[PDB]
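K.L.:
One file: coords_21.pdb (PDB, C-alpha atoms (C1' of nucleotides)).
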```pdb
ATOM      1  CA  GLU A   1     -19.952  27.477 -46.085
ATOM      2  CA  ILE A   2     -17.143  26.097 -48.286
ATOM      3  CA  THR A   3     -15.610  28.616 -50.678
ATOM      4  CA  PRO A   4     -14.620  27.412 -54.174
ATOM      5  CA  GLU A   5     -10.922  28.014 -53.468
ATOM      6  CA  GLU A   6     -11.099  25.810 -50.364
ATOM      7  CA  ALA A   7     -12.843  23.121 -52.431
ATOM      8  CA  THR A   8     -10.218  23.259 -55.180
ATOM      9  CA  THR A   9      -7.366  23.045 -52.668
ATOM     10  CA  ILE A  10      -9.079  20.059 -50.993
ATOM     11  CA  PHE A  11      -9.465  18.310 -54.331
ATOM     12  CA  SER A  12      -5.911  19.254 -55.336
ATOM     13  CA  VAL A  13      -4.320  17.799 -52.208
ATOM     14  CA  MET A  14      -6.456  14.669 -52.539
ATOM     15  CA  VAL A  15      -5.296  14.186 -56.136
ATOM     16  CA  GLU A  16      -1.746  14.857 -54.905
ATOM     17  CA  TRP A  17      -2.022  12.252 -52.138
ATOM     18  CA  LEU A  18      -3.731   9.583 -54.245
ATOM     19  CA  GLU A  19      -1.127   9.993 -56.985
ATOM     20  CA  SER A  20       1.835  10.137 -54.606
ATOM     21  CA  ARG A  21       0.665   6.749 -53.302
ATOM     22  CA  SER A  22       0.025   5.462 -56.886
ATOM     23  CA  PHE A  23      -3.481   4.545 -55.754
ATOM     24  CA  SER A  24      -5.463   2.665 -58.335
ATOM     25  CA  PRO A  25      -9.192   3.419 -57.968
ATOM     26  CA  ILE A  26     -11.621   0.903 -56.501
ATOM     27  CA  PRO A  27     -13.437  -0.792 -59.397
ATOM     28  CA  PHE A  28     -17.104  -1.465 -59.541
ATOM     29  CA  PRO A  29     -17.636  -5.101 -58.451
ATOM     30  CA  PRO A  30     -17.990  -7.180 -61.630
ATOM     31  CA  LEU A  31     -20.652  -9.728 -62.517
ATOM     32  CA  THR A  32     -18.111 -12.482 -61.760
ATOM     33  CA  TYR A  33     -16.197 -10.942 -58.849
ATOM     34  CA  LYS A  34     -13.956 -13.519 -57.212
ATOM     35  CA  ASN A  35     -14.518 -13.062 -53.468
ATOM     36  CA  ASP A  36     -18.124 -12.017 -53.934
ATOM     37  CA  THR A  37     -20.155 -14.588 -52.000
ATOM     38  CA  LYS A  38     -17.746 -14.276 -49.074
ATOM     39  CA  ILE A  39     -18.343 -10.507 -49.032
ATOM     40  CA  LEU A  40     -22.059 -11.309 -49.160
ATOM     41  CA  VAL A  41     -21.980 -13.808 -46.286
ATOM     42  CA  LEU A  42     -19.980 -11.282 -44.244
ATOM     43  CA  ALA A  43     -22.522  -8.532 -44.964
ATOM     44  CA  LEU A  44     -25.324 -10.883 -43.947
ATOM     45  CA  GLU A  45     -23.628 -12.173 -40.783
ATOM     46  CA  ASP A  46     -23.274  -8.476 -39.950
ATOM     47  CA  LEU A  47     -27.061  -8.215 -40.250
ATOM     48  CA  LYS A  48     -28.042 -11.415 -38.407
ATOM     49  CA  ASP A  49     -25.849 -10.336 -35.470
ATOM     50  CA  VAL A  50     -28.732  -8.070 -34.471
ATOM     51  CA  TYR A  51     -31.380 -10.764 -34.894
ATOM     52  CA  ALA A  52     -29.760 -13.791 -33.267
ATOM     53  CA  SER A  53     -30.981 -13.220 -29.701
ATOM     54  CA  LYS A  54     -33.959 -10.846 -29.745
ATOM     55  CA  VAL A  55     -37.578 -12.035 -29.622
ATOM     56  CA  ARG A  56     -39.807  -8.980 -30.158
ATOM     57  CA  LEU A  57     -39.909  -8.372 -33.925
ATOM     58  CA  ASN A  58     -41.884  -5.575 -35.590
ATOM     59  CA  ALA A  59     -42.875  -5.356 -39.274
ATOM     60  CA  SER A  60     -39.562  -3.976 -40.547
ATOM     61  CA  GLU A  61     -37.287  -6.303 -38.553
ATOM     62  CA  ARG A  62     -39.324  -9.365 -39.556
ATOM     63  CA  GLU A  63     -39.357  -8.139 -43.171
ATOM     64  CA  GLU A  64     -35.604  -7.670 -43.306
ATOM     65  CA  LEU A  65     -34.999 -11.001 -41.566
ATOM     66  CA  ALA A  66     -37.076 -12.522 -44.355
ATOM     67  CA  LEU A  67     -34.848 -10.616 -46.795
TER      68      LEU A  67
ATOM     69  CA  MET B   1      10.803  10.930 -11.091
ATOM     70  CA  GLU B   2      12.782  11.572  -7.932
ATOM     71  CA  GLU B   3      12.249   8.129  -6.379
ATOM     72  CA  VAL B   4      11.387   5.215  -8.661
ATOM     73  CA  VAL B   5       8.449   3.654  -6.800
ATOM     74  CA  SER B   6       6.814   0.400  -7.825
ATOM     75  CA  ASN B   7       3.178   1.320  -8.275
ATOM     76  CA  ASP B   8      -0.321  -0.076  -8.694
ATOM     77  CA  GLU B   9      -1.797  -2.466 -11.248
ATOM     78  CA  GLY B  10      -3.052   0.574 -13.193
ATOM     79  CA  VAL B  11       0.398   1.685 -14.303
ATOM     80  CA  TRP B  12       2.074   0.613 -17.519
ATOM     81  CA  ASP B  13       5.735  -0.224 -17.902
ATOM     82  CA  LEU B  14       6.859   1.457 -21.125
ATOM     83  CA  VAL B  15       9.774  -0.604 -22.365
ATOM     84  CA  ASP B  16      12.076   1.231 -24.745
ATOM     85  CA  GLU B  17      12.266  -0.850 -27.923
ATOM     86  CA  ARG B  18      15.858   0.317 -28.451
ATOM     87  CA  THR B  19      17.597  -0.725 -25.225
ATOM     88  CA  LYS B  20      14.990  -3.132 -23.712
ATOM     89  CA  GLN B  21      14.593  -1.193 -20.442
ATOM     90  CA  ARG B  22      11.501   0.171 -18.684
ATOM     91  CA  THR B  23      12.012   3.885 -19.318
ATOM     92  CA  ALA B  24       8.622   5.438 -18.557
ATOM     93  CA  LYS B  25       5.533   4.778 -16.453
ATOM     94  CA  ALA B  26       2.199   5.486 -18.103
ATOM     95  CA  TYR B  27      -0.419   5.883 -15.389
ATOM     96  CA  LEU B  28      -4.010   5.004 -16.243
ATOM     97  CA  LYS B  29      -7.330   6.365 -15.062
ATOM     98  CA  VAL B  30     -10.768   6.037 -16.579
ATOM     99  CA  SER B  31     -11.938   9.243 -18.238
ATOM    100  CA  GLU B  32     -14.781  11.165 -16.633
ATOM    101  CA  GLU B  33     -16.887  10.979 -19.797
ATOM    102  CA  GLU B  34     -16.766   7.180 -19.726
ATOM    103  CA  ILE B  35     -17.513   7.118 -15.995
ATOM    104  CA  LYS B  36     -20.610   9.240 -16.621
ATOM    105  CA  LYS B  37     -21.535   6.950 -19.525
ATOM    106  CA  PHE B  38     -21.269   3.895 -17.260
ATOM    107  CA  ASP B  39     -23.374   5.660 -14.617
ATOM    108  CA  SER B  40     -25.956   6.423 -17.300
ATOM    109  CA  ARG B  41     -25.824   2.790 -18.421
ATOM    110  CA  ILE B  42     -26.548   1.484 -14.914
ATOM    111  CA  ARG B  43     -29.263   4.132 -14.653
ATOM    112  CA  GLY B  44     -30.745   2.780 -17.877
ATOM    113  CA  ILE B  45     -30.584  -0.726 -16.420
ATOM    114  CA  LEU B  46     -32.607   0.546 -13.457
ATOM    115  CA  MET B  47     -35.021   2.503 -15.632
ATOM    116  CA  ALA B  48     -35.803  -0.099 -18.300
ATOM    117  CA  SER B  49     -36.465  -2.557 -15.446
ATOM    118  CA  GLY B  50     -40.001  -1.414 -14.777
ATOM    119  CA  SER B  51     -41.433  -4.890 -14.313
ATOM    120  CA  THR B  52     -38.497  -7.146 -15.124
ATOM    121  CA  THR B  53     -37.448 -10.424 -13.476
ATOM    122  CA  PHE B  54     -34.684 -10.354 -10.892
ATOM    123  CA  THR B  55     -32.378 -12.619 -12.887
ATOM    124  CA  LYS B  56     -32.591 -10.278 -15.878
ATOM    125  CA  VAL B  57     -31.610  -7.315 -13.679
ATOM    126  CA  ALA B  58     -28.691  -9.416 -12.466
ATOM    127  CA  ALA B  59     -27.763 -10.358 -16.034
ATOM    128  CA  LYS B  60     -27.896  -6.711 -17.112
ATOM    129  CA  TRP B  61     -25.622  -5.827 -14.187
ATOM    130  CA  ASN B  62     -23.249  -8.642 -15.155
ATOM    131  CA  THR B  63     -23.255  -7.559 -18.807
ATOM    132  CA  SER B  64     -22.504  -3.914 -18.068
ATOM    133  CA  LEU B  65     -20.014  -4.817 -15.338
ATOM    134  CA  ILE B  66     -18.068  -7.215 -17.576
ATOM    135  CA  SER B  67     -18.212  -4.603 -20.343
TER     136      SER B  67
ATOM    137  CA  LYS C   1      -2.724 -10.449  12.681
ATOM    138  CA  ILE C   2      -1.087 -13.758  11.821
ATOM    139  CA  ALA C   3       1.643 -15.019  14.148
ATOM    140  CA  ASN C   4       5.011 -16.332  12.958
ATOM    141  CA  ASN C   5       3.843 -19.958  12.860
ATOM    142  CA  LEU C   6       1.806 -19.376   9.684
ATOM    143  CA  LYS C   7       3.499 -16.481   7.849
ATOM    144  CA  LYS C   8       5.591 -18.780   5.641
ATOM    145  CA  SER C   9       2.414 -20.654   4.750
ATOM    146  CA  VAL C  10       0.690 -17.350   3.918
ATOM    147  CA  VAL C  11       3.577 -16.422   1.614
ATOM    148  CA  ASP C  12       3.242 -19.879   0.037
ATOM    149  CA  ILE C  13      -0.479 -19.246  -0.548
ATOM    150  CA  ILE C  14       0.451 -15.900  -2.153
ATOM    151  CA  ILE C  15       2.967 -17.692  -4.412
ATOM    152  CA  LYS C  16       0.693 -20.594  -5.326
ATOM    153  CA  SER C  17      -2.193 -18.202  -6.006
ATOM    154  CA  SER C  18      -0.073 -15.921  -8.173
ATOM    155  CA  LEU C  19       0.797 -18.956 -10.298
ATOM    156  CA  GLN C  20      -2.854 -19.958 -10.868
ATOM    157  CA  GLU C  21      -3.453 -17.132 -13.307
ATOM    158  CA  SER C  22      -2.521 -17.186 -16.974
ATOM    159  CA  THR C  23      -0.015 -14.337 -16.887
ATOM    160  CA  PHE C  24       1.868 -12.583 -14.138
ATOM    161  CA  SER C  25       0.103  -9.529 -12.731
ATOM    162  CA  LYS C  26       1.635  -6.745 -10.661
ATOM    163  CA  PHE C  27      -0.959  -7.199  -7.868
ATOM    164  CA  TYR C  28       1.056  -9.898  -6.119
ATOM    165  CA  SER C  29       4.224  -7.795  -6.382
ATOM    166  CA  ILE C  30       2.564  -4.702  -4.850
ATOM    167  CA  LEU C  31       1.111  -6.986  -2.176
ATOM    168  CA  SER C  32       4.443  -8.629  -1.341
ATOM    169  CA  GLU C  33       6.282  -5.300  -1.317
ATOM    170  CA  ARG C  34       3.862  -3.831   1.212
ATOM    171  CA  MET C  35       4.081  -7.058   3.250
ATOM    172  CA  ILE C  36       7.890  -6.856   3.276
ATOM    173  CA  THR C  37       7.891  -3.163   4.197
ATOM    174  CA  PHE C  38       5.496  -3.773   7.090
ATOM    175  CA  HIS C  39       7.607  -5.997   9.317
ATOM    176  CA  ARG C  40      10.927  -7.826   9.490
ATOM    177  CA  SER C  41       9.288 -11.240   9.915
ATOM    178  CA  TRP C  42       7.571 -11.063   6.530
ATOM    179  CA  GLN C  43      10.933 -10.167   4.982
ATOM    180  CA  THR C  44      12.496 -13.238   6.601
ATOM    181  CA  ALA C  45       9.493 -15.225   5.354
ATOM    182  CA  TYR C  46      10.111 -14.085   1.780
ATOM    183  CA  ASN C  47      13.827 -14.898   2.159
ATOM    184  CA  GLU C  48      12.939 -18.410   3.316
ATOM    185  CA  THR C  49      10.288 -18.940   0.640
ATOM    186  CA  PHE C  50      12.551 -17.830  -2.211
ATOM    187  CA  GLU C  51      15.184 -20.266  -0.944
ATOM    188  CA  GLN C  52      12.456 -22.900  -0.543
ATOM    189  CA  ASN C  53      11.061 -22.348  -4.045
TER     190      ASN C  53
ATOM    191  CA  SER D   1     -14.519  12.916   8.366
ATOM    192  CA  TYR D   2     -11.985  12.261  11.113
ATOM    193  CA  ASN D   3      -8.543  13.629  10.085
ATOM    194  CA  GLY D   4     -10.191  15.021   6.941
ATOM    195  CA  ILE D   5     -10.215  11.540   5.405
ATOM    196  CA  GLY D   6     -13.778  10.264   5.530
ATOM    197  CA  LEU D   7     -16.936  11.168   3.699
ATOM    198  CA  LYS D   8     -19.153  14.199   3.887
ATOM    199  CA  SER D   9     -21.869  11.750   4.917
ATOM    200  CA  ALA D  10     -22.451   8.033   5.047
ATOM    201  CA  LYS D  11     -25.732   8.902   3.336
ATOM    202  CA  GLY D  12     -25.130   9.433  -0.355
ATOM    203  CA  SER D  13     -22.292   7.004  -0.921
ATOM    204  CA  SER D  14     -24.444   4.026   0.199
ATOM    205  CA  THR D  15     -21.346   2.697   1.967
ATOM    206  CA  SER D  16     -20.772   2.171   5.652
ATOM    207  CA  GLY D  17     -18.241   4.985   5.757
ATOM    208  CA  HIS D  18     -15.966   2.793   7.892
ATOM    209  CA  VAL D  19     -12.710   4.521   7.054
ATOM    210  CA  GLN D  20      -9.881   2.445   8.499
ATOM    211  CA  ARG D  21      -6.185   3.192   8.397
ATOM    212  CA  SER D  22      -4.049   1.281   5.937
ATOM    213  CA  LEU D  23      -1.488  -1.103   7.378
ATOM    214  CA  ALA D  24       0.517  -0.889   4.147
ATOM    215  CA  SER D  25       1.858   2.669   4.513
ATOM    216  CA  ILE D  26      43.003  36.755   4.402
ATOM    217  CA  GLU D  27      46.348  37.234   6.196
ATOM    218  CA  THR D  28      46.601  40.947   5.411
ATOM    219  CA  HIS D  29      43.089  41.455   6.776
ATOM    220  CA  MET D  30      44.018  39.580   9.951
ATOM    221  CA  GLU D  31      47.119  41.740  10.357
ATOM    222  CA  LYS D  32      45.027  44.885   9.921
ATOM    223  CA  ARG D  33      42.567  43.656  12.544
ATOM    224  CA  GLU D  34      45.423  42.962  14.953
ATOM    225  CA  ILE D  35      46.799  46.456  14.379
ATOM    226  CA  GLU D  36      43.372  47.957  15.047
ATOM    227  CA  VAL D  37      43.084  45.959  18.268
ATOM    228  CA  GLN D  38      46.504  47.182  19.374
ATOM    229  CA  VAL D  39      45.494  50.773  18.651
ATOM    230  CA  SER D  40      42.305  50.325  20.669
ATOM    231  CA  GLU D  41      44.294  48.907  23.578
ATOM    232  CA  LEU D  42      46.664  51.874  23.441
ATOM    233  CA  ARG D  43      43.716  54.272  23.460
ATOM    234  CA  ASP D  44      42.231  52.488  26.469
ATOM    235  CA  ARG D  45      45.552  52.723  28.297
ATOM    236  CA  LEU D  46      45.744  56.440  27.544
ATOM    237  CA  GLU D  47      42.215  56.927  28.860
ATOM    238  CA  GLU D  48      43.104  55.053  32.041
ATOM    239  CA  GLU D  49      46.358  56.875  32.818
ATOM    240  CA  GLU D  50      46.983  60.591  32.184
ATOM    241  CA  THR D  51      45.816  61.519  28.673
ATOM    242  CA  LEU D  52      43.073  64.159  28.886
ATOM    243  CA  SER D  53      44.870  65.985  26.058
ATOM    244  CA  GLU D  54      44.421  64.434  22.620
ATOM    245  CA  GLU D  55      47.825  65.191  21.119
ATOM    246  CA  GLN D  56      49.700  62.853  23.454
ATOM    247  CA  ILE D  57      47.405  59.856  22.984
ATOM    248  CA  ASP D  58      47.206  60.475  19.239
ATOM    249  CA  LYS D  59      50.997  60.694  19.047
ATOM    250  CA  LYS D  60      51.509  57.476  21.004
ATOM    251  CA  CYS D  61      48.812  55.735  18.969
ATOM    252  CA  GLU D  62      50.448  56.901  15.742
ATOM    253  CA  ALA D  63      53.807  55.575  16.922
ATOM    254  CA  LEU D  64      52.224  52.225  17.775
ATOM    255  CA  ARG D  65      50.632  52.063  14.329
ATOM    256  CA  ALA D  66      53.979  52.818  12.700
ATOM    257  CA  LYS D  67      55.630  50.065  14.736
ATOM    258  CA  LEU D  68      52.925  47.616  13.686
ATOM    259  CA  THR D  69      53.422  48.561  10.041
ATOM    260  CA  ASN D  70      57.170  48.038  10.378
ATOM    261  CA  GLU D  71      56.586  44.619  11.926
ATOM    262  CA  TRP D  72      54.300  43.575   9.035
ATOM    263  CA  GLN D  73      56.837  44.187   6.224
TER     264      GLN D  73
ATOM    265  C1'   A E   1       4.385  -3.611  16.407
ATOM    266  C1'   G E   2      -0.176  -3.410  14.479
ATOM    267  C1'   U E   3      -5.781  -0.421  18.507
ATOM    268  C1'   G E   4      -9.105   2.963  16.717
ATOM    269  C1'   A E   5     -13.460   5.748  12.068
ATOM    270  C1'   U E   6     -19.446   0.332  10.812
ATOM    271  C1'   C E   7     -25.380   4.383   6.395
ATOM    272  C1'   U E   8     -29.243   1.193   5.462
ATOM    273  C1'   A E   9     -33.705  -1.226   7.647
ATOM    274  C1'   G E  10     -41.142  -0.577   5.857
ATOM    275  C1'   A E  11     -46.449   0.100   5.102
ATOM    276  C1'   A E  12     -51.039   1.796   1.778
ATOM    277  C1'   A E  13     -52.637   3.051  -3.052
ATOM    278  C1'   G E  14     -50.886   3.518  -7.902
ATOM    279  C1'   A E  15     -48.029   2.651 -11.815
ATOM    280  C1'   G E  16     -44.575  -1.147 -15.938
ATOM    281  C1'   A E  17     -42.993  -3.777 -24.522
ATOM    282  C1'   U E  18     -37.303  -4.932 -21.820
ATOM    283  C1'   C E  19     -33.580  -4.440 -25.698
ATOM    284  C1'   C E  20     -27.719  -7.794 -25.990
ATOM    285  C1'   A E  21     -21.871 -13.975 -24.446
ATOM    286  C1'   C E  22     -21.036 -19.679 -19.564
ATOM    287  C1'   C E  23     -18.169 -25.920 -23.543
ATOM    288  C1'   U E  24     -12.702 -27.767 -28.498
ATOM    289  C1'   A E  25     -13.016 -29.920 -32.867
ATOM    290  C1'   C E  26      -8.890 -33.906 -38.638
ATOM    291  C1'   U E  27      -3.974 -39.084 -40.895
ATOM    292  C1'   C E  28      -3.039 -45.912 -48.068
ATOM    293  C1'   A E  29      -0.963 -48.324 -53.676
ATOM    294  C1'   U E  30      -4.198 -54.476 -55.560
ATOM    295  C1'   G E  31      -0.769 -54.779 -59.538
ATOM    296  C1'   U E  32       2.472 -53.232 -63.507
TER     297        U E  32
END
```
Here is a file; write its structure as structure tokens.
P.N.:
Amino acid sequence: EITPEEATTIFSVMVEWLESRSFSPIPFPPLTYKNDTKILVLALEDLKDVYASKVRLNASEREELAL
Amino acid sequence: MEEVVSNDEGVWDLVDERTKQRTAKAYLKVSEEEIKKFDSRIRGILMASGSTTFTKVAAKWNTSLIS
Amino acid sequence: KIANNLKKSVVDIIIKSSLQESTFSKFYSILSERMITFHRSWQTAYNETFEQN
Amino acid sequence: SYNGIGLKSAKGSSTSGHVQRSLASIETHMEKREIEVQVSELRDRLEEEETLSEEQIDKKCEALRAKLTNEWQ
RNA sequence: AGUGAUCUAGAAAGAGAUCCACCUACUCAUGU
């Protein structure tokens, strides 16, 4: 449904915004990223928040809790 | 407003951050979509309680009522 | 339908129960305003309890 | 629903439906008018006392009007 | 100077993966 001219104007105003704000791009996380294990323990406390109170566990929930 | 009337707990006193005076009253109601969602949530509490203990029905009512 | 011999004590219960809570809420104000606009004796009771406080 | 306040039915709300009342609730113009009045009076007088003919009454009336005019500057 | 406005209500057989907030928490140098 998107015409090419719409797509080029979208990309043009996004380049215009991200350069008007001098936005440096998000890097790929390095091998030795500084805050890395804190990001990991946040992403895993986000996952155990489902599995702290429930009792009935199927194959996939038990498998990911083991992960 | 013609007559400034002190009103219910559901009104908000909008202090002007320039002159430090209550200059508008924002009146609150709960939106009809959220009222229907709460009704559907209590209906789900009734419907998932096929054969459920009475204390768990009470705890579901307390959870949805506090929420 | 409380007679005059307890209305000051009722206003004191309203005061001392407004002060239990963490912050001030408008509920006690709306309450007290309707109580004052009902009858003259409640207005004299709030006069006497502000002076008392 | 007495006074149009209460429910359609007590059945449906699962309440008692016990609705209870809340205990918490110009000079020139004037001159002209005067002149007119005078004229009218004159006419009346004429009608009363010997003035079947128009010329007489009209004459007298005219005279009166003139007098009035004279009086008011 | 205020009255007054009060639904429900239980028996038989059958059914039914439950899935979530009510206790706080940090200061020795024996000497030179």
K.L.:
Once you count only C-alpha atoms (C1' of nucleotides), what closest atom pair and distance in Å to one decimal does each residue of chain B within 9 Å of chain E have, with rows by chain and rising residue number, as a tab-separated table?
P.N.:
```
residue	atom	partner	partner_atom	distance
B:48	CA	E:18	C1'	6.2
B:49	CA	E:18	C1'	6.9
B:50	CA	E:16	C1'	4.7
B:51	CA	E:16	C1'	5.2
B:52	CA	E:18	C1'	7.2
B:60	CA	E:20	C1'	8.9
B:63	CA	E:20	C1'	8.5
```
K.L.:
Can you write just those residues out, C-alpha atoms, as a compact mmCIF listing (two decimals), keeping the file's coordinate frame?
P.N.:
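Written file, selection_4.txt:
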```txt
# COMPACT_ATOMS: atom_id res chain seq x y z
CA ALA B 48 -35.80 -0.10 -18.30
CA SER B 49 -36.47 -2.56 -15.45
CA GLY B 50 -40.00 -1.41 -14.78
CA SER B 51 -41.43 -4.89 -14.31
CA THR B 52 -38.50 -7.15 -15.12
CA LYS B 60 -27.90 -6.71 -17.11
CA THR B 63 -23.26 -7.56 -18.81
```
K.L.:
Which polymer residues have any atom within 12 Å of an atom of residue 4 (chain B), counting only C-alpha atoms (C1' of nucleotides), with same-chain residues fewer than 6 positions away left out, as number ranges by chain?
P.N.:
B: 22-25
K.L.:
Starting from the PyMOL selection byres ((chain C) within 12 of (chain E)), expand the selection into actual residues of this file and give them as a list in words.
P.N.:
residues 1, 2, 3, 38, 39, 40 and 41 of chain C
K.L.:
Which neighbours of region 12-19 of chain D fall inside 10 Å, counting all atoms listed in the file, when residues of the same chain fewer than 5 positions from it are skipped, and could you give them as number ranges by chain?
P.N.:
D: 1-2, 5-7; E: 5-8
K.L.:
If we count all atoms listed in the file, what is near region 6-11 of chain B at a cut-off of 8 Å, once residues fewer than 4 positions away on the same chain are taken out, given as a PyMOL selection string?
P.N.:
(chain B and resi 25-29) or (chain C and resi 25-27+30)
K.L.:
Which residue gives the smallest distance to chain D among E:25, E:13, E:32, E:4, with only C-alpha atoms (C1' of nucleotides) counted?
P.N.:
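Among the listed residues, E:4 lies closest to chain D.
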K.L.:
Would you list the contacts of residue 28 (chain D) as a CSV table (one decimal) with C-alpha atoms, in the frame of the given file, taking every protein, DNA or RNA residue within 12 Å and counting all atoms listed in the file, but skipping same-chain residues closer than 5 positions in sequence?
P.N.:
```csv
chain,number,residue,atom,x,y,z
D,33,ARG,CA,42.6,43.7,12.5
D,34,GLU,CA,45.4,43.0,15.0
D,35,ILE,CA,46.8,46.5,14.4
D,69,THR,CA,53.4,48.6,10.0
D,72,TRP,CA,54.3,43.6,9.0
D,73,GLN,CA,56.8,44.2,6.2
```
K.L.:
Once you count only C-alpha atoms, what closest atom pair and distance in Å to one decimal does each residue of chain D within 9 Å of chain C have, with rows by chain and rising residue number, as a tab-separated table?
P.N.:
```
residue	atom	partner	partner_atom	distance
D:23	CA	C:38	CA	7.5
D:24	CA	C:34	CA	5.3
D:25	CA	C:34	CA	7.6
```
K.L.:
Atoms to include: C-alpha atoms. Write the selected residues as a PDB file, keeping the file's coordinate frame.
P.N.:
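Output below, filename again00.pdb:
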```pdb
ATOM      1  CA  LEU D  23      -1.488  -1.103   7.378  1.00  0.00           C
ATOM      2  CA  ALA D  24       0.517  -0.889   4.147  1.00  0.00           C
ATOM      3  CA  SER D  25       1.858   2.669   4.513  1.00  0.00           C
TER       4      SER D  25
END
```
K.L.:
In Å, rounded to a single decimal, give me how far CA of residue 65 (chain A) is from CA of residue 45 (chain A).
P.N.:
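The value is 11.5 Å.
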K.L.:
Specify as a list in words all residues of chain A found within 12 Å of chain E, counting only C-alpha atoms (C1' of nucleotides).
P.N.:
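In the required form, that comes to residues 49, 50, 51, 52, 53, 54, 55, 56, 57 and 58 of chain A.
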K.L.:
Dig up all the protein and nucleic acid residues within 12 Å of (9.0, -19.9, 2.0) in the file frame, using only C-alpha atoms (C1' of nucleotides), and format them as number ranges by chain.
P.N.:
C: 6-16, 41-53
K.L.:
Quick one: residues within 12 Å of residue 32 (chain D), all atoms listed in the file counted, chain neighbours fewer than 5 positions away excluded, as JSON, numbers by chain?
P.N.:
{"D": [26, 27, 37, 38, 39, 65, 68, 69, 71, 72]}
K.L.:
Provide the CA of residue 45 (chain B) to CA of residue 32 (chain B) distance in Å, to one decimal place.
P.N.:
19.8 Å
K.L.:
As a PDB file, in the coordinates of the input, could you write out region 25-38 of chain C once it has been completed with N, CA and C atoms?
P.N.:
```pdb
ATOM      1  N   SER C  25       0.633 -10.860 -12.970  1.00  0.00           N
ATOM      2  CA  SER C  25       0.103  -9.529 -12.731  1.00  0.00           C
ATOM      3  C   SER C  25       0.898  -8.842 -11.629  1.00  0.00           C
ATOM      4  N   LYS C  26       0.858  -7.509 -11.628  1.00  0.00           N
ATOM      5  CA  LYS C  26       1.635  -6.745 -10.661  1.00  0.00           C
ATOM      6  C   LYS C  26       1.038  -6.752  -9.266  1.00  0.00           C
ATOM      7  N   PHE C  27      -0.230  -7.160  -9.138  1.00  0.00           N
ATOM      8  CA  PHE C  27      -0.959  -7.199  -7.868  1.00  0.00           C
ATOM      9  C   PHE C  27      -0.203  -7.933  -6.772  1.00  0.00           C
ATOM     10  N   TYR C  28       0.321  -9.110  -7.096  1.00  0.00           N
ATOM     11  CA  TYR C  28       1.056  -9.898  -6.119  1.00  0.00           C
ATOM     12  C   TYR C  28       2.381  -9.246  -5.753  1.00  0.00           C
ATOM     13  N   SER C  29       3.004  -8.533  -6.694  1.00  0.00           N
ATOM     14  CA  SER C  29       4.224  -7.795  -6.382  1.00  0.00           C
ATOM     15  C   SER C  29       3.955  -6.644  -5.425  1.00  0.00           C
ATOM     16  N   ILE C  30       2.926  -5.835  -5.708  1.00  0.00           N
ATOM     17  CA  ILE C  30       2.564  -4.702  -4.850  1.00  0.00           C
ATOM     18  C   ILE C  30       2.221  -5.189  -3.453  1.00  0.00           C
ATOM     19  N   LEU C  31       1.423  -6.259  -3.398  1.00  0.00           N
ATOM     20  CA  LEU C  31       1.111  -6.986  -2.176  1.00  0.00           C
ATOM     21  C   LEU C  31       2.365  -7.332  -1.394  1.00  0.00           C
ATOM     22  N   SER C  32       3.249  -8.125  -2.008  1.00  0.00           N
ATOM     23  CA  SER C  32       4.443  -8.629  -1.341  1.00  0.00           C
ATOM     24  C   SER C  32       5.387  -7.516  -0.926  1.00  0.00           C
ATOM     25  N   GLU C  33       5.440  -6.429  -1.691  1.00  0.00           N
ATOM     26  CA  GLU C  33       6.282  -5.300  -1.317  1.00  0.00           C
ATOM     27  C   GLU C  33       5.747  -4.596  -0.084  1.00  0.00           C
ATOM     28  N   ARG C  34       4.426  -4.418   0.000  1.00  0.00           N
ATOM     29  CA  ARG C  34       3.862  -3.831   1.212  1.00  0.00           C
ATOM     30  C   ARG C  34       4.018  -4.768   2.409  1.00  0.00           C
ATOM     31  N   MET C  35       3.905  -6.083   2.176  1.00  0.00           N
ATOM     32  CA  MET C  35       4.081  -7.058   3.250  1.00  0.00           C
ATOM     33  C   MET C  35       5.510  -7.049   3.771  1.00  0.00           C
ATOM     34  N   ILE C  36       6.488  -6.934   2.873  1.00  0.00           N
ATOM     35  CA  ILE C  36       7.890  -6.856   3.276  1.00  0.00           C
ATOM     36  C   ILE C  36       8.176  -5.552   4.013  1.00  0.00           C
ATOM     37  N   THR C  37       7.652  -4.430   3.518  1.00  0.00           N
ATOM     38  CA  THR C  37       7.891  -3.163   4.197  1.00  0.00           C
ATOM     39  C   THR C  37       7.113  -3.006   5.491  1.00  0.00           C
ATOM     40  N   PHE C  38       6.171  -3.898   5.805  1.00  0.00           N
ATOM     41  CA  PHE C  38       5.496  -3.773   7.090  1.00  0.00           C
ATOM     42  C   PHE C  38       6.382  -4.234   8.238  1.00  0.00           C
TER      43      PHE C  38
END
```
